[PDB]
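**Student:** Data file start-v3.pdb (PDB, C-alpha atoms) is appended below.
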```pdb
ATOM      1  CA  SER A   1      16.415  28.737 -13.765
ATOM      2  CA  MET A   2      16.780  31.607 -11.231
ATOM      3  CA  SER A   3      13.340  33.181 -10.532
ATOM      4  CA  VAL A   4      11.805  31.130 -13.370
ATOM      5  CA  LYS A   5       9.790  28.211 -12.081
ATOM      6  CA  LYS A   6       7.628  25.596 -13.689
ATOM      7  CA  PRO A   7       4.190  25.697 -12.018
ATOM      8  CA  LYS A   8       4.226  23.941  -8.566
ATOM      9  CA  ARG A   9       2.890  20.320  -8.656
ATOM     10  CA  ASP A  10       0.984  19.547  -5.434
ATOM     11  CA  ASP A  11       3.225  17.077  -3.671
ATOM     12  CA  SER A  12       1.560  17.331  -0.243
ATOM     13  CA  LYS A  13      -0.288  13.985  -0.478
ATOM     14  CA  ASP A  14       2.656  12.008  -1.803
ATOM     15  CA  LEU A  15       3.702  10.578   1.599
ATOM     16  CA  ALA A  16       0.240   9.280   2.275
ATOM     17  CA  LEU A  17      -0.180   7.946  -1.228
ATOM     18  CA  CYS A  18       3.188   6.123  -1.264
ATOM     19  CA  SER A  19       2.275   4.582   2.128
ATOM     20  CA  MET A  20      -1.007   3.378   0.664
ATOM     21  CA  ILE A  21       0.777   1.853  -2.321
ATOM     22  CA  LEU A  22       3.284   0.244   0.029
ATOM     23  CA  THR A  23       0.432  -1.189   2.169
ATOM     24  CA  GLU A  24      -1.107  -2.733  -0.920
ATOM     25  CA  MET A  25       2.282  -4.187  -1.755
ATOM     26  CA  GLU A  26       2.820  -5.519   1.757
ATOM     27  CA  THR A  27      -0.606  -7.215   1.665
ATOM     28  CA  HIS A  28      -0.263  -8.839  -1.804
ATOM     29  CA  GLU A  29       0.028 -12.648  -1.600
ATOM     30  CA  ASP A  30       3.176 -12.658  -3.633
ATOM     31  CA  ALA A  31       4.901 -10.194  -1.242
ATOM     32  CA  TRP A  32       6.416 -12.906   0.945
ATOM     33  CA  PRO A  33       9.868 -12.954  -0.581
ATOM     34  CA  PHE A  34      10.101  -9.171  -0.135
ATOM     35  CA  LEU A  35       8.627  -8.472   3.307
ATOM     36  CA  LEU A  36      11.877  -8.746   5.204
ATOM     37  CA  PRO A  37      15.606  -8.237   4.560
ATOM     38  CA  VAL A  38      17.148 -11.367   3.004
ATOM     39  CA  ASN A  39      19.105 -13.067   5.775
ATOM     40  CA  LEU A  40      22.676 -12.361   4.769
ATOM     41  CA  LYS A  41      24.112 -15.038   7.102
ATOM     42  CA  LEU A  42      21.840 -17.743   5.657
ATOM     43  CA  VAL A  43      21.604 -17.064   1.934
ATOM     44  CA  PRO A  44      25.001 -17.800   0.381
ATOM     45  CA  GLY A  45      25.915 -15.282  -2.249
ATOM     46  CA  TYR A  46      23.480 -12.572  -1.353
ATOM     47  CA  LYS A  47      25.822 -10.347   0.581
ATOM     48  CA  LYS A  48      28.442 -10.244  -2.188
ATOM     49  CA  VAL A  49      26.246 -10.250  -5.189
ATOM     50  CA  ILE A  50      23.538  -7.778  -4.169
ATOM     51  CA  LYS A  51      25.177  -4.449  -3.542
ATOM     52  CA  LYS A  52      22.110  -2.658  -2.228
ATOM     53  CA  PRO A  53      19.674  -5.032  -0.503
ATOM     54  CA  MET A  54      16.150  -3.654  -0.209
ATOM     55  CA  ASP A  55      12.834  -4.967   1.067
ATOM     56  CA  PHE A  56       9.400  -3.634   1.946
ATOM     57  CA  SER A  57       9.941  -3.405   5.717
ATOM     58  CA  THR A  58      13.014  -1.351   5.154
ATOM     59  CA  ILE A  59      11.133   0.822   2.674
ATOM     60  CA  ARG A  60       8.383   1.142   5.273
ATOM     61  CA  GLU A  61      10.820   2.272   7.930
ATOM     62  CA  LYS A  62      12.532   4.839   5.611
ATOM     63  CA  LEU A  63       9.138   6.206   4.575
ATOM     64  CA  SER A  64       7.897   6.534   8.103
ATOM     65  CA  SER A  65      11.080   8.237   9.302
ATOM     66  CA  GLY A  66      11.349  10.870   6.526
ATOM     67  CA  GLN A  67      14.172   9.205   4.680
ATOM     68  CA  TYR A  68      12.566   9.624   1.242
ATOM     69  CA  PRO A  69      13.231  13.146  -0.042
ATOM     70  CA  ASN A  70      10.581  12.692  -2.691
ATOM     71  CA  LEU A  71       8.349  10.169  -4.497
ATOM     72  CA  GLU A  72      11.041   9.287  -7.098
ATOM     73  CA  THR A  73      13.472   8.122  -4.399
ATOM     74  CA  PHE A  74      10.764   5.887  -2.891
ATOM     75  CA  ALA A  75       9.964   4.383  -6.373
ATOM     76  CA  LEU A  76      13.644   3.685  -6.810
ATOM     77  CA  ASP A  77      13.834   1.528  -3.617
ATOM     78  CA  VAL A  78      10.728  -0.365  -4.643
ATOM     79  CA  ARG A  79      12.203  -1.047  -8.097
ATOM     80  CA  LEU A  80      15.487  -2.081  -6.406
ATOM     81  CA  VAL A  81      13.545  -4.782  -4.540
ATOM     82  CA  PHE A  82      12.542  -6.273  -7.891
ATOM     83  CA  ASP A  83      15.813  -5.621  -9.710
ATOM     84  CA  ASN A  84      17.615  -7.478  -6.898
ATOM     85  CA  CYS A  85      15.091 -10.254  -7.204
ATOM     86  CA  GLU A  86      15.878 -10.631 -10.892
ATOM     87  CA  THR A  87      19.593 -10.534 -10.260
ATOM     88  CA  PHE A  88      19.428 -13.441  -7.725
ATOM     89  CA  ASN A  89      16.445 -15.554  -8.883
ATOM     90  CA  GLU A  90      15.614 -17.531 -12.016
ATOM     91  CA  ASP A  91      12.504 -16.223 -13.837
ATOM     92  CA  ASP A  92      11.093 -19.780 -13.651
ATOM     93  CA  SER A  93      11.018 -19.942  -9.850
ATOM     94  CA  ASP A  94       8.397 -18.997  -7.360
ATOM     95  CA  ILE A  95      10.407 -16.043  -6.107
ATOM     96  CA  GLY A  96      11.366 -14.909  -9.633
ATOM     97  CA  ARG A  97       7.671 -14.997 -10.621
ATOM     98  CA  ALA A  98       6.674 -13.219  -7.446
ATOM     99  CA  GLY A  99       9.133 -10.498  -8.429
ATOM    100  CA  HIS A 100       7.673  -9.990 -11.893
ATOM    101  CA  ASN A 101       4.130 -10.027 -10.548
ATOM    102  CA  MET A 102       4.917  -7.478  -7.803
ATOM    103  CA  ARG A 103       6.709  -5.186 -10.209
ATOM    104  CA  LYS A 104       3.778  -5.232 -12.594
ATOM    105  CA  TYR A 105       1.463  -4.647  -9.644
ATOM    106  CA  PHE A 106       3.546  -1.692  -8.389
ATOM    107  CA  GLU A 107       4.049  -0.043 -11.754
ATOM    108  CA  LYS A 108       0.316   0.013 -12.366
ATOM    109  CA  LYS A 109      -0.455   1.566  -8.943
ATOM    110  CA  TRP A 110       2.258   4.100  -9.533
ATOM    111  CA  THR A 111       1.043   5.245 -12.909
ATOM    112  CA  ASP A 112      -2.613   5.354 -11.842
ATOM    113  CA  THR A 113      -1.799   7.289  -8.695
ATOM    114  CA  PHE A 114       0.749   9.862 -10.013
ATOM    115  CA  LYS A 115       0.753   9.935 -13.904
TER     116      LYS A 115
END
```
What is this file in structure tokens?

**Tutor:**
Amino acid sequence: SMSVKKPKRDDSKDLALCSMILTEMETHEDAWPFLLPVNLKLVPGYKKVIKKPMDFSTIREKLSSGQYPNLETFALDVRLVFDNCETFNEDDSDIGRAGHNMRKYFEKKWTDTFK
């Protein structure tokens, strides 16, 4: 509350650290379904079903242009990538498996870096 603050967590390396995580996600072999925006002209259903499309290149742009207010907002867009994936893909598909793999991969890097 007013003039009563929890001690100040050092957040000054978060930008860098999120960019590193994102680089590791971009360079994972199962990243391919997530590297670019899904082509909304060419994938029937995607536009209407997926309210908030997200992908790594878009996350990369937002990061790089100061569009993440903090590390939680960045984590949210990453998770959205995988939540969208699960909405549109069957678990027993290459893309659906990619999704699960990538989410596990991210969640580990997140915990080990920040928690």

**Student:** Pick from A:85, A:66, A:73, A:6: nearest to residue A:97, with all atoms listed in the file counted?

**Tutor:** A:85

**Student:** Quick one: 8 Å padding each side, axis-aligned, all listed atoms of stretch 75-89 of chain A - centre and edge lengths in Å to one decimal, as AutoDock Vina command-line options?

**Tutor:**
```
--center_x 14.8 --center_y -5.6 --center_z -7.3 --size_x 25.6 --size_y 35.9 --size_z 23.3
```

**Student:** For the structure provided, state which residues fall under the PyMOL selection byres ((chain A and resi 113) around 12), and present them as a ChimeraX atom specification.

**Tutor:** /A:13-14,16-21,71,106-112,114-115

**Student:** Just so the selection is clear, what residues does the PyMOL selection byres ((chain A and resi 36-40) around 7) cover here, as a short mmCIF file (atom, residue, chain, number, x, y, z; two decimals) with C-alpha atoms, in the coordinates of the input?

**Tutor:**
```cif
data_model
loop_
_atom_site.label_atom_id
_atom_site.label_comp_id
_atom_site.auth_asym_id
_atom_site.auth_seq_id
_atom_site.Cartn_x
_atom_site.Cartn_y
_atom_site.Cartn_z
CA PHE A 34 10.10 -9.17 -0.14
CA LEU A 35 8.63 -8.47 3.31
CA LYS A 41 24.11 -15.04 7.10
CA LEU A 42 21.84 -17.74 5.66
CA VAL A 43 21.60 -17.06 1.93
CA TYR A 46 23.48 -12.57 -1.35
CA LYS A 47 25.82 -10.35 0.58
CA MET A 54 16.15 -3.65 -0.21
CA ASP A 55 12.83 -4.97 1.07
CA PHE A 56 9.40 -3.63 1.95
CA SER A 57 9.94 -3.40 5.72
#
```

**Student:** Name the closest residue to residue A:75 among the candidates A:95, A:31, A:49, A:22; distances are taken between atoms, counting only C-alpha atoms.

**Tutor:**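 Result for the nearest residue to residue A:75: A:22.
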
**Student:** I need the output of the PyMOL selection byres ((chain A and resi 103) around 10) for this file as a ChimeraX atom specification; which residues are they?

**Tutor:** /A:25,78-79,81-83,97-102,104-109

**Student:** Can you write out the residues you just picked, keeping C-alpha atoms, as a tab-separated table (two decimals), keeping the file's coordinate frame?

**Tutor:**
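Dumped everything to out-v6.tsv:
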```tsv
chain	number	residue	atom	x	y	z
A	25	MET	CA	2.28	-4.19	-1.76
A	78	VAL	CA	10.73	-0.36	-4.64
A	79	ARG	CA	12.20	-1.05	-8.10
A	81	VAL	CA	13.54	-4.78	-4.54
A	82	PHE	CA	12.54	-6.27	-7.89
A	83	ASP	CA	15.81	-5.62	-9.71
A	97	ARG	CA	7.67	-15.00	-10.62
A	98	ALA	CA	6.67	-13.22	-7.45
A	99	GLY	CA	9.13	-10.50	-8.43
A	100	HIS	CA	7.67	-9.99	-11.89
A	101	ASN	CA	4.13	-10.03	-10.55
A	102	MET	CA	4.92	-7.48	-7.80
A	104	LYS	CA	3.78	-5.23	-12.59
A	105	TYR	CA	1.46	-4.65	-9.64
A	106	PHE	CA	3.55	-1.69	-8.39
A	107	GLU	CA	4.05	-0.04	-11.75
A	108	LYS	CA	0.32	0.01	-12.37
A	109	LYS	CA	-0.46	1.57	-8.94
```

**Student:** Work out how far atom CA of residue A:12 is from atom CA of residue A:70, in Å to one decimal.

**Tutor:**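 Separating atom CA of residue A:70 from atom CA of residue A:12 is a distance of 10.4 Å.
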
**Student:** By how many Å are atom CA of residue A:11 and atom CA of residue A:52 apart?

**Tutor:**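 Separation of atom CA of residue A:11 and atom CA of residue A:52: 27.4 Å.
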
**Student:** Any idea what the distance is between atom CA of residue A:24 and atom CA of residue A:74?

**Tutor:** 14.8 Å
